[PDB]
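One structure is given here, and the rest of the page talks about it.
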Amino acid sequence: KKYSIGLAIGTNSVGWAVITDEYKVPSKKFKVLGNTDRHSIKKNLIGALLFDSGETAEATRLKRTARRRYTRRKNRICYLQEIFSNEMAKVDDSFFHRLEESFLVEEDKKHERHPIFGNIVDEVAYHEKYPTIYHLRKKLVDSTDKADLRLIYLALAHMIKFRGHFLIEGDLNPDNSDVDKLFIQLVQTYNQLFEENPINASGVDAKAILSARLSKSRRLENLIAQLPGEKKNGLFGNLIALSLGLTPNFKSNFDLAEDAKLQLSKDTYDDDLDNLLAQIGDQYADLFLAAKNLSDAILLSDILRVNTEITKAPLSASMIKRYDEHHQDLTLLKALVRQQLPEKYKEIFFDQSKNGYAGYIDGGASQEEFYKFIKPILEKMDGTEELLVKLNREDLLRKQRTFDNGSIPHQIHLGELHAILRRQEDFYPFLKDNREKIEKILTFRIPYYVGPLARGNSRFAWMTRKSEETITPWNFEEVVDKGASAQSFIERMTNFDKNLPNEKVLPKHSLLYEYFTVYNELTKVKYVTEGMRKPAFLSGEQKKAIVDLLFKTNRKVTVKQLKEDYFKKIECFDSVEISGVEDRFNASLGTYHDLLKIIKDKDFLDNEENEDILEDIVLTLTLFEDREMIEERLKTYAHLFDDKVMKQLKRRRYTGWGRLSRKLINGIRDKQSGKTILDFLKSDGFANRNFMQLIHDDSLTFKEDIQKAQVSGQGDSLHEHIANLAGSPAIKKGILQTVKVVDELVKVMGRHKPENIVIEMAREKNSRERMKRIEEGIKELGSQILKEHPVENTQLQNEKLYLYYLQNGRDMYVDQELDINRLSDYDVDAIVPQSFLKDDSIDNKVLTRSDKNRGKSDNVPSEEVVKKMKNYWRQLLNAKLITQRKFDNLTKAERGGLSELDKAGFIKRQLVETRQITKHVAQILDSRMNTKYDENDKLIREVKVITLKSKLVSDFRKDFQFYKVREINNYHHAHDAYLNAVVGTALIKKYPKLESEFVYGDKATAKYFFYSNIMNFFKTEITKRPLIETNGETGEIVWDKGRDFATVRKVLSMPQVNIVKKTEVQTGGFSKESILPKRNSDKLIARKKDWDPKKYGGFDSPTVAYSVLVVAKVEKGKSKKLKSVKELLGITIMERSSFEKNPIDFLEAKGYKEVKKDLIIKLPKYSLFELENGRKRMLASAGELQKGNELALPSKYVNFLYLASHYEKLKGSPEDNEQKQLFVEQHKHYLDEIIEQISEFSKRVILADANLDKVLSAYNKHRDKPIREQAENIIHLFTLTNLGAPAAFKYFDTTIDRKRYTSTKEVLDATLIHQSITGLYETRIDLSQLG
RNA sequence: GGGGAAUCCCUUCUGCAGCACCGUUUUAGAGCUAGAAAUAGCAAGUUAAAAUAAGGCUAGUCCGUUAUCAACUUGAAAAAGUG
DNA sequence: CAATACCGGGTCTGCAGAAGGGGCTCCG
DNA sequence: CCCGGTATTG
Ligand SMILES: [K+]
Ligand SMILES: [K+]
Ligand SMILES: [K+]
Ligand SMILES: [K+]
Ligand SMILES: [K+]
Ligand SMILES: [K+]
Ligand SMILES: [K+]
Ligand SMILES: [K+]
Ligand SMILES: [K+]
Ligand SMILES: [K+]
Ligand SMILES: [Mg+2]
Ligand SMILES: [Mg+2]
């Protein structure tokens, strides 16, 4: 009884099949449990588990951190109120109480309904004096009068509750506020540097031009237009562009011949500038510093739209300017509409359902929707010119709380808050005492490297405390151990050295690590000259001289430099051939040069006695992000450097960690030699052993010490091991389900393990990332293509338009512009032709006018194209509009193009699976099946695990006409698993040598020919072979081209396949999140315990975690007469814990009396019920059902539908295509037959009378359509019959809306079916017998 | 052939922490005039408070949406067993 | 109860890791 | 997107 298993692992299915050595699927009588009259049932050993996708933890995390934010914001307000408590109680002992109950209806309020002053006269007067809170804030900042303590509170609380972002470090410099003054500063600095060509900036209103609500490039154009003799690409123009936030290239200004682009926003700018100043000189540093200051002022002027010399509240003044312009323009608009369009006034100003002013203020119309609505109304009237300008500036009738206030820094709000505190502390002493406390409430921020301020009950926290006491914003530095916490943040996540598992890894930018990388690469360099017999390694002295002369004088070392500045200069070689390195060295001493620029003491860096110190310094710079903490840690070294050097040091920062520890690189020593790994890399006689050789050499202690260093740990469980794999959670859910399926199948075969297990794994918002990429790329390029052709993210899902923007509107193979309106006439071409690499991503595609201009089609684009286009391609690459892989493949021709080795490798890659995750699946199954060791203590591999790629079975299907149509039913998953088992077992029976390629555990033209013809033994004629294929050595039959194909056909024709939908409890959010207005409906759910939804609104649409079958009695009528019921009650996610804690009490609270506790049945989503005539339903919820049957369409119809619809591609030969076409035409009647099938099924099982009649009518309407189109729309038709939830579909232009099953009553008397994972073991419960 | 390691350039995905801005909901921001009222005419509108999973105990400036789940028997449970 | 229709909260900064092309020096 | 909740209309 030998058998194999085939598995098809996906993100929503695991297909499975059992085969015998004859490639047949067995069938068994399985026992049926329960209370029906059926005791057993015949099952085929083939099927597929279906499940909803496993989800990532991201949404859960976003909601978790948002929860924390709400908690802490409330705590800020609570701190402020605790500071105000006593004095407020003297002024008004219920102010804070009225604030707390402001949400309650007057009936529920325990105090006066007017929050601020508690009487209507004073409240109305307040709102009249201060129509916005920004009025009050400006008044309290500017006035010198004693203010009412309640108004002071409201201003401070408003600033603290909505406090602005923390994107900018430090204080908001008052020097860099004025645009005019900083523009003059930049001009003065430039004219200092360029006395012969000064700039005349008098009469230039720099403020108006540079702060105008316009695009960066337009403002640059305007300013340059105010300067005759100066162009926007000259030096001053580039400085202005850098100030405005563009990415100017200073290459041409300073004649660099190598690009020097600068963007103040990028993280690398600080180095980029220091990279430019290195080539230009340090006299230009003040010029770029002036540019940065001007940039800060322009950024501020974006938010502060008012003069900062009439008020210390420019932000509140700008909000008040919004309010005043809103008022004036609304008065004008009302007057103009009343005069010119009186009939539209009611709609514009009263109808909240429309997107006019009423919908804008009272309805749900956004600012953008209101603009779009009212723009034509302004265009049709006269006197609306300035209003239209404001609308196009997005500056018309604005509110003050708006989507763009995210631009406001917290330093602005802090300025206003501090000003108020300074005004009013002269009258309230508790404000003087607590001023810094209140400022700290605004400014204090839990660092991202500290985490939740927990006390042992958070699986997320890592913060440690210096003293056990409550943490507040004011004692945080004293109570939280910031250093230990920031260190734990990183060290919970960084790797240990795999060779020394108790050793932490070195910083990536450590001096020792970079020395290691440089010497490890340098020991394998070889050189040869004329008088040398063979190439020679570099000696220790030569390597040391190369490091001291080249690596310690240049950031990068090229082969050319090696030849000229070392071999010529030192060794007196005029010609030398180098091997082991190409073009330039990969490793380099970048940290050495950074630190040499900072400390300016080469002798310090070269003195080994400072190694420790330098290591620690880099450690600090890597471990911490906060510059104050960095300075604290570096303090011990302050006596070694000047204070300017210390400031430069603490401004330097690094990130990233290496792969090896310090103890491995330069700690452990070979016993005999006394040398470390790095010692050997610096000098190792004439063997020049590199790292791998060193740790694998039996004549050194390194291997032995690495072996001893391995430590034991607690082995993960199966679920733990699967969760810790690298991959999407969806594929991991599939992986675990696969293991459980295999366990059940082995149990089904009497605990006999299979001979083979063949596994195949499936291959695998968005427009937002596409838009992001195109925006950043065009910005880096400096192109105007988005100005001339604006595009929304959705449109970028079109392949050709996306490619058009990625290529900056140009042909990729020809130096010409493309025309947008002509995309349909252009071609999308594969860089590496798809006949070698099946890659259809953007990474292997380009848009070109005509693909013929690539060159020959049998290779990579020609060398001529590369010569033409390489510089444009490099510009695209630096703009991130193409990747390094795309650039390398486009330019491969100059490197020889595609070789025969490359093509053979491409074919092998197409056939042999090499993904790490599939290898991990194979290892899991192999270690579970094979557990015994032989006399040599090697594993006994009694079960062979074979991995296949989908292409093998796909090609098998297409070659032998075992076609698949995914839409017909779910059987194709199971058929895939079956064909996987067949092909894999036959393949390794035919070529056992292939086991290394395909079984887990253990000339170019020739291999190309071989792997391209590996599946020919199935065929009868090629491009002829015997009818019986055998193994050449064992002589055993592997394939019989008579019976075995008929066996496969019989398997695929079997109507009884075990499709099982995994029943799952539902988890997640309680309900829809929308907070609905109050309504007289029991559907509403209170958002807080006492917030009666009929008064306060609430949620609806809760999610049912699972249903429950209740047999009980319910009171009926006014008399409350008990009546027996049997019904389905949906337990919601929110109710689940309460129901499970005590079900009887819960059901009695819901109204059920005398519950039959032992008759309660838990019914998760997709619980299966069978009714009459084989009709099946699945539970969608407590009140809705899903389709429960599979339509087993016969195989001839499936193949006719595949051929008639042109499913996939025809391929083959024209004669075979003609035979397929003649088959389609000879079996046209199949169409009607297929329809009949559907109809029959729909009448037995679906019961959608109206939809079925509409479908039959639509089919009889398009009987004159081409056979191909009728076949495609018949493919569409199977949505009516598919398993699962009903869904709308389209037959030609007719739309069929889904017929839903809006009642679950019938299943309460049907047969409930409990299924095991394979569906082979069943328990059937007749529910009509309950009650 | 298979498996593995460091470096370089890129790319994708996964996990975690810390912020901001809005949105929504109820209340507050005295609507006026005529008319008995039904209604009509006009005025007005930009702001705020509070909640933002119900909530929980472990009471922290913590936790509350990921993963995992046929049924039956034995078991508090974990888990084991059952064709 | 049937047919039908509408609806659904959203976007940053920072850190660490695995793994996929392309290359290169090595190991078992 | 999808598909289960809800209301409307009957
Ligand atoms: K009251
Ligand atoms: K000019
Ligand atoms: K609105
Ligand atoms: K190189
Ligand atoms: K750092
Ligand atoms: K010093
Ligand atoms: K779940
Ligand atoms: K889910
Ligand atoms: K590698
Ligand atoms: K099940
Ligand atoms: Mg809360
Ligand atoms: Mg709001």
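By convention in this document, chain letters (A, B, ...) are assigned in the order of the sequence lines, proteins followed by strands, and residues within each chain are numbered from 1. The analysis underlying the following values was restricted to heavy atoms, covering all of them including side chains, and did not include hydrogens, waters or symmetry mates.
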Mark up nucleotides 71-83 of chain B, 5' to 3', with B wherever a protein heavy atom is under 4.0 angstrom from a base atom, S wherever such an atom reaches only the sugar-phosphate, and - elsewhere.
-> S----------BB
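- Taking a pair to require two hydrogen-bonding distances under 3.5 Å in either a Watson-Crick or a G-U wobble arrangement, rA34(B) pairs with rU39(B).
- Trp462(A) places no side-chain N or O within 3.5 Å of a backbone atom of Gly451(A) that could act as its donor or acceptor partner.
- With centres under 5.5 Å and a plane angle under 30° as the test, the ring of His696(A) is not stacked against the base of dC27(C).
- Across all strands shown, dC6(C) is found opposite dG5(D) as a Watson-Crick or G-U wobble partner, with both distances under 3.5 Å.
- For DNA chain D, the outermost nucleotides in 5' to 3' order that have an atom under 4.0 Å from a heavy atom of chain A are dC3(D) to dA7(D).
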Under 3.5 Å, which protein N or O atoms sit close to an N or O of nucleotides 56-58 of chain B? Give each pair with its distance.
| from | atom 1 | to | atom 2 | distance (Å) |
| --- | --- | --- | --- | --- |
| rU58(B) | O2 | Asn457(A) | OD1 | 3.0 |

Below 3.5 Å between N/O atoms, which protein atoms pair up with nucleotides 14-16 of chain C? Just atom names and distances, please.
| from | atom 1 | to | atom 2 | distance (Å) |
| --- | --- | --- | --- | --- |
| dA16(C) | OP1 | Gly656(A) | N | 3.4 |
| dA16(C) | OP1 | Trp657(A) | NE1 | 3.0 |

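- With sequence neighbours excluded, no residue forms a side-chain contact (heavy atoms from CB on, under 4.5 Å) with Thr655(A).
- Taking the six-membered ring for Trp and thresholds of 30 and 60 degrees, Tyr1096(A) and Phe103(A) have nearly parallel ring planes, at less than 30 degrees apart.
- Relative to the side chain of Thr132(A), the nucleotides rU47(B), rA51(B), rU27(B) differ in distance, and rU47(B) lies closest.
- For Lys740(A), a side-chain nitrogen or oxygen approaches OP1 or OP2 of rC69(B) to under 4.0 Å.
- At the heavy-atom level, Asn889(A) lies under 4.0 Å from the strands shown only through sugar-phosphate atoms.
- Residues passing the side-chain contact (heavy atoms from CB on, under 4.5 Å) test with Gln400(A) are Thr132(A), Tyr134(A), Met319(A), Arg322(A), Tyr323(A), sequence neighbours excluded.
- Contact annotation: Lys1299(A) side-chain N/O to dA3(C) OP1/OP2 distance is under 4.0 Å.
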